[PDB]
Engineer: 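Please read through the structure below; I'll follow up with questions.
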Amino acid sequence: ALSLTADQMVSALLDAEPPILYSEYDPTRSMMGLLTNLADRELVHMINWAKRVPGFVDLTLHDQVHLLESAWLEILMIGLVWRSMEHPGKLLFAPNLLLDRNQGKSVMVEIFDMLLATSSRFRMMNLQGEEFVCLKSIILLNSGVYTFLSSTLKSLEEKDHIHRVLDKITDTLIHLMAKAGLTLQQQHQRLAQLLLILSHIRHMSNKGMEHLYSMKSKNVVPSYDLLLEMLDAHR
Amino acid sequence: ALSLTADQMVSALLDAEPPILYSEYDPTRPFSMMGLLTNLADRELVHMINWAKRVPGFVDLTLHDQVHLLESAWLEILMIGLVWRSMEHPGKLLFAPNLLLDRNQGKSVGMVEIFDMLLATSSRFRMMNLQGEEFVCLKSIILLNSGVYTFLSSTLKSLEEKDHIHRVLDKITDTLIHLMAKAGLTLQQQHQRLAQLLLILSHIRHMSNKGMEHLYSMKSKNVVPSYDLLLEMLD
Ligand SMILES: Oc1ccc2c(c1)CC[C@H](c1ccccc1)[C@@H]2c1ccc(OCCN2CCCC2)cc1
Ligand SMILES: Oc1ccc2c(c1)CC[C@H](c1ccccc1)[C@@H]2c1ccc(OCCN2CCCC2)cc1
């Protein structure tokens with residue numbers, strides 16, 4: 001896992017990409033309903049993607065669940081922002097569900113606006129697909145790593161492993177930038193620009209989690225046990 | 001500001017550092033908690049405004065954008081300051097030199113949750129052996145980055161403002177790399193450490209959101225600094 005080359009890391013991540021799902025509605029002849037149904041179906045595929053992120057299945061089941069519990073909304077969001085990049089002023093939730101900010105005003109527009117701004121920022125930077133899949137894996141590995149409130153020997157080893165995998169993704173990002181002919185200065189500047197966007201994505205997830213919690217619906221935040229069930233796969 | 005050398009940037013940030021304040025209580029009296037922390041935070045905010053104006057490039061911005069940046073970043077900046085001065089006190093948070101608290105003392109006034117996250121950040125700083133020069137760079141990055149994706153304006157002036165902010169952020173990136181090269185780190189180690197440092201900022205954003213949630217939940221008129229209060233201090 002930690003022996004992969006930069007190109008091999010990229011190929012692994014590109015091959016692991018989840019599919020783009022459609023919204024489920026009768027196109028012949030409810031907004032939050034549609035988004036929730038979409039998000040729920042994406043989550044199943046996200047679990048498959050996560051297990052194919054180099055290093056992720058080396059972790060205990062418990063730590064895998066903790067990471068996904070922390071990162072799942074950030075991952076949905078960065079995927080949406082990536083899909084939306086070439087659609088200025090709109091969010092491509094699905095190919096049959098492309099919404100502008102006005103259509104967010106039915107429940108939400110605050111969140112829509114933050115996502116739209118991220119998409120624009122990605123457009124301004126000319127974010128590449130290879131960079132995107134690196135950033136998405138970084139979110140998965142990083143978002144929950146500081147909240148392992150455990151200091152068992154096992155936990156120390158798990159955190160050390162995660163930071164080693166995060167280092168390899170850093171090396172990989174730098175490599176893609178060197179491959180594109182960027183100077184050393186441009187490389188570290190772009191690395192920093194990309195990573196700083198992750199704090200905003202964290203911010204957006206927190207705002208969105210605040211909404212889901214306020215709905216006071218039993219199933220709207222994925223339980224540890226539900227995440228456990230999807231992750232704890234038999235063979 | 002964009003013409004400062006790396007060493008000049010560091011010197012300017014080091015000289016701009018705010019003082020360490022004390023908690024205001026009669027130490028001869030029996031040992032409220034939120035009251036002490038709030039009084040401390042309020043007095044720190046005044047010095048924070050002073051610090052911000054000495055961050056190279058910050059006063060080049062419009063008053064309105066300065067307020068926006070501080071509105072977005074002020075709790076993150078208090079938190080990173082806390083985590084930094086707690087670095088050499090494992091298991092404790094050094095709110096002030098006369099107010100060193102462990103997690104059991106956080107349980108008095110949903111605070112232990114926030115205490116635990118702060119403690120974990122301090123431990124992460126400790127393990128990375130974070131340096132003072134690095135810390136002031138990171139704090140400046142928070143000030144400039146946290147609000148830059150939420151200006152929600154695309155006037156010519158706002159385009160110029162965002163461009164300037166990203167140029168200053170780039171210079172701070174250059175500065176961090178130079179500090180690491182000065183310390184003898186290889187190019188690989190430099191990029192990996194830059195990444196490790198910046199990824200911690202997502203967790204600090206997370207912590208600020210959790211804390212803002214508490215302050216808002218108090219329903220007290222002045223506990224979240226208003227736009228116009230920040231404007232008066234920034235005049
Ligand atoms: O590609 C995507 C599909 C749907 C979404 C997003 C990306 C980005 C955030 C969205 C959002 C809008 C308003 C409030 C909060 C978030 C929305 C979305 C809606 C609902 C969600 O949660 C539904 C609950 N559901 C239960 C288990 C997991 C999710 C997640 C995301
Ligand atoms: O060095 C510092 C002084 C005080 C603090 C911190 C750092 C870190 C977060 C703290 C916290 C504890 C519980 C909940 C939220 C945050 C607490 C703190 C307490 C109160 C605060 O807000 C008071 C309101 N006040 C009104 C204008 C500005 C702040 C901010 C930070």
Side-chain angles (χ1 to χ4, degrees), chain A residues 18 20-21 23 31-46 72-84 91-94 97 99 104 107-108 111-112 114-115 201 204-205 207-215 217 220-223 226-227, chain B residues 18 20-21 23 33-48 74-86 93-96 99 101 106 109-115 117-118 204 207-208 210-218 220 223-226 229-230 233:
Chain A
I20 298 174
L21 306 184
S23 181
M31 262 309 305
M32 182 61 61
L34 294 177
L35 299 186
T36 294
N37 184 259
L38 181 59
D40 289 355
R41 279 178 291 122
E42 288 185 276
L43 186 61
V44 183
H45 293 275
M46 182 191 303
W72 70 271
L73 187 51
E74 289 178 275
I75 290 164
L76 287 181
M77 283 177 170
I78 197 182
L80 167 65
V81 166
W82 168 252
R83 295 196 298 280
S84 303
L91 294 171
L92 197 145
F93 286 93
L97 195 60
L99 311 172
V107 184
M108 202 166 63
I111 302 184
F112 271 43
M114 289 185 299
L115 294 159
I201 292 185
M204 291 191 291
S205 168
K207 304 299 291 194
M209 284 302 304
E210 285 170 24
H211 182 77
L212 300 182
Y213 276 120
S214 70
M215 300 174 63
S217 306
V220 300
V221 176
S223 63
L226 173 67
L227 295 176
Chain B
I20 300 177
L21 302 189
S23 181
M33 259 303 302
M34 184 58 57
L36 290 177
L37 297 185
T38 294
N39 184 256
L40 180 59
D42 291 353
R43 276 177 294 122
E44 288 188 274
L45 183 63
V46 183
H47 293 273
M48 182 193 303
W74 70 271
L75 187 49
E76 285 178 278
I77 292 164
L78 290 184
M79 284 173 172
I80 195 178
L82 176 62
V83 165
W84 167 249
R85 57 187 183 262
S86 302
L93 291 173
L94 189 52
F95 284 95
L99 198 60
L101 311 176
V109 85
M111 203 165 66
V112 210
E113 293 73 10
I114 298 180
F115 269 45
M117 291 179 176
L118 293 164
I204 289 181
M207 289 195 291
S208 172
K210 286 296 186 173
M212 286 296 290
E213 285 177 30
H214 180 61
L215 302 180
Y216 274 120
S217 66
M218 299 170 61
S220 307
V223 307
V224 178
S226 74
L229 166 60
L230 293 173
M233 272 179 292

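Computed from heavy atoms alone, side chains included, the values below leave out hydrogens, waters and symmetry copies. Chain letters run A, B, ... following the sequence lines, proteins first and then strands; every chain starts at 1. Both counts, for ligands and for their atoms, begin at 1 and track the order of listing.
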Engineer: Please verify whether a non-hydrogen atom of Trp72(A) lies at under 4.0 Å from ligand 1.
Structural biologist: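 Yes, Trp72(A) has heavy atoms under 4.0 Å from ligand 1.
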Engineer: Could you tell me the separation between the OG1 atom of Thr36(A) and the CZ atom of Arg41(A), rounded to the nearest 0.5 Å?
Structural biologist: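 The OG1 atom of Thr36(A) sits 11.0 Å away from the CZ atom of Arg41(A).
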Engineer: Check each atom of ligand 1 against the heavy atoms of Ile111(A) and keep those under 4.0 Å away; list them by number with element.
Structural biologist: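 Under 4.0 Å from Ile111(A), ligand 1 has these atoms: 14 (C).
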Engineer: Can you tell me if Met209(A) contacts ligand 1 (heavy atom of the residue under 4.0 Å from the ligand)?
Structural biologist: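 Checking ligand 1 against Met209(A), which is what was asked, there is no heavy-atom contact under 4.0 Å.
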Engineer: Out of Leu80(A), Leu97(A), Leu38(A), whose heavy atom sits nearest atom 8 (C) of ligand 1?
Structural biologist: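 Among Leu80(A), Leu97(A), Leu38(A), the closest heavy atom to atom 8 (C) of ligand 1 belongs to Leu80(A).
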Engineer: With a 4.0 Å cut-off on heavy atoms, is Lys207(A) touching ligand 1?
Structural biologist: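 No, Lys207(A) has no heavy atoms under 4.0 Å from ligand 1.
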Engineer: May I ask you to list the atoms of ligand 1 that are less than 4.0 angstrom from any heavy atom of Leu73(A)?
Structural biologist: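 Listed by number with element, the hits are 30 (C), 31 (C).
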Engineer: Taking all non-hydrogen atoms of both residues, which atom of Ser86(B) and which atom of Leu94(B) are closest, and how far apart?
Structural biologist: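 Answer, listing the atom of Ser86(B) first, then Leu94(B): OG-N, 2.7 Å.
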Engineer: Need the ligand 1 atom indices (1-based, order shown) with element for anything under 4.0 Å from a heavy-atom of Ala39(A).
Structural biologist: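 Near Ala39(A), meaning under 4.0 Å from one of its heavy atoms, ligand 1 has 4 (C), 21 (C), 30 (C), 31 (C).
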Engineer: Using a strict 4.0 Å cut-off to heavy atoms of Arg83(A), name the atoms of ligand 1 that fall inside it.
Structural biologist: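 Counting from 1, the qualifying ligand atoms are 1 (O).
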Engineer: Can you name the atoms of ligand 1, numbered from 1 with element, that are less than 4.0 Å from a heavy atom of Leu35(A)?
Structural biologist: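 Near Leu35(A), meaning under 4.0 Å from one of its heavy atoms, ligand 1 has 4 (C), 19 (C).
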Engineer: Enter the distance from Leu101(B):CG to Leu37(B):CG here, rounded to the nearest 0.5 Å.
Structural biologist: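 Output value for this atom pair is 7.0 Å.
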Engineer: Counting heavy atoms only, which of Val83(B), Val46(B), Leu21(B), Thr38(B) is nearest atom 23 (C) of ligand 2?
Structural biologist: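 Ranked by closest heavy atom to atom 23 (C) of ligand 2, first place is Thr38(B).
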Engineer: Ligand 1 and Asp40(A), any nitrogen or oxygen pair closer than 3.5 angstrom?
Structural biologist: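 There is such a contact, yes.
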Engineer: Under a 3.5 Å distance rule, please check whether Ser217(A) uses its side chain to pair with a backbone N or O of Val220(A) as donor and acceptor.
Structural biologist: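 No, the answer is negative, given that no donor and acceptor are paired below the 3.5 Å cut-off.
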Engineer: Quick one: CG on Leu78(B) to CG on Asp42(B), what's the gap to the nearest 0.5 Å?
Structural biologist: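 Taking CG in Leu78(B) and CG in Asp42(B), the distance rounds to 9.5 Å.
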Engineer: In plain terms, say whether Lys210(B) and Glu76(B) are close enough for a salt bridge, that is, a side-chain N and a carboxylate O under 4.0 Å apart.
Structural biologist: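 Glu76(B) and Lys210(B): not salt-bridged.
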Engineer: Show the atoms of ligand 1 that are less than 4.0 angstrom away from any heavy atom in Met32(A).
Structural biologist: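 So the atoms of ligand 1 that pass are 13 (C).
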Engineer: Using a strict cut-off of 4.0 Å, indicate which atoms of ligand 1 neighbour a heavy atom of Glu42(A).
Structural biologist: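 Every atom of ligand 1 under 4.0 Å from some heavy atom of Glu42(A): 1 (O), 2 (C), 3 (C).
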Engineer: Which ligand 2 atoms are under 4.0 Å away from a heavy-atom of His214(B)?
Structural biologist: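 Heavy-atom distances to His214(B) below 4.0 Å select 14 (C).
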Engineer: Under 4.0 Å from a heavy atom of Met34(B): give me the atoms of ligand 2 that qualify, with their elements.
Structural biologist: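 What qualifies from ligand 2 is 13 (C).
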Engineer: Measure from the side-chain N and O atoms of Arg83(A) to the backbone N and O of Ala94(A), and report whether any donor-acceptor pair falls under 3.5 Å.
Structural biologist: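 Absent.
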Engineer: Let me confirm one number: the CG-CG distance from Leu40(B) to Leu45(B), rounded to the nearest 0.5 Å.
Structural biologist: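 Between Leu40(B) CG and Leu45(B) CG, I get 11.5 Å after rounding to 0.5 Å.
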Engineer: How long is the span from the CD atom in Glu210(A) to the OH atom in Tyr216(B), to the nearest 0.5 Å?
Structural biologist: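 It comes to 10.0 Å.
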Engineer: Of all residues at least two apart in sequence or in a different chain, which pass the side chain to side chain contact (heavy atoms under 4.5 Å, CB included) check with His211(A)?
Structural biologist: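 Side chain to side chain contact (heavy atoms under 4.5 Å, CB included) check on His211(A) returns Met32(A), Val107(A), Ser214(A), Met215(A).
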